[PDB]
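Next comes just one chain, in C-alpha cells: the form deposited in one PDB entry.
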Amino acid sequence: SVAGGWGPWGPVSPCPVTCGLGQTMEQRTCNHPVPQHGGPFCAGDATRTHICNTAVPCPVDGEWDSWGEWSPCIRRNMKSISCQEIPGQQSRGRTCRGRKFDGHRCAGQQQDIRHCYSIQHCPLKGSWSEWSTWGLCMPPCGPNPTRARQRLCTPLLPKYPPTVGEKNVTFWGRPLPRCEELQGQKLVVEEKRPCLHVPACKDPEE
C-alpha cells in the first residue's frame, strides 16, 4: 500500500566520551511516510557517523622508571667501612614518570634498601677467568663487524658472613684485583674476530 520514506537527518548527538576523540552520529527515521499494508521499508542507512573532538586530554597514570643506582655502602657514625668486615647500608630509588591531567600515582615501593660490604677501591687477590662467550658483532650496521671475548682478572672476595633481624649483606663497589700478568695484561685479555657474510640493516617497514 505505502512505501516507507526517510525523514530528515537529525542533529549531531553529544560526543559519548569525556576526553579525546569519539564517534558521534546523526540519525533519520522511515516515517516520511511510514510503511503501510506490506509496503517496503526504506532502503539505505538510518545512521551517519562522525568523529567528535572533546579537545580535552585524558588522564595519564604515572609509571615507575627503572631503579636508579645503589648509593655508596656506608655505616652511620663510621668514617670508613671499605676493605673491612663491617656491614653498611645503601638505597636506590625510582621515579613515577608521565603522570598527567589527574592520572593515578604509581603503586609500590619508591625506595629500595639493603645491607652491603664495601670493597670500593679495595685491592684484592685475583685469578684469571676463562674466555667469555663471543660478544655481539660491533658495529652491527657499520662496515667492519668484529666480535670479542675477554679473560678478566676476577677478584677473590673475602669469606665474610653472608647474613648478620638476620639479614643478607651484599658486596658492593669496584675492587682493584691483583693478578699475574697474562700476555702483558694485568686486568683484561681480549680476542677479536670478524663476523662473516654480514647482512645489511634494512628497516622492515621500508
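Residue indices: 1-based, along the sequence shown. Basically, rigid core = biggest C-alpha set you can superpose within 1.5 Å across the two forms.
Keep in mind that the form deposited in another entry is not shown, yet the notes after this line are about it.
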**Report entry** Position with Cα shift of 2 Å or more, rigid core superposed between the shown form and the other one, options 150, 154, 170, 29
**Finding:** 29
Query raised in the report: Taking the rigid core as reference, does the Cα of residue 137 move 2 Å or more between the shown form and the other one?
Result: no
Query raised in the report: If we fit on the core, is the Cα of residue 188 displaced 2 Å or more between the shown form and the other one?
Result: no
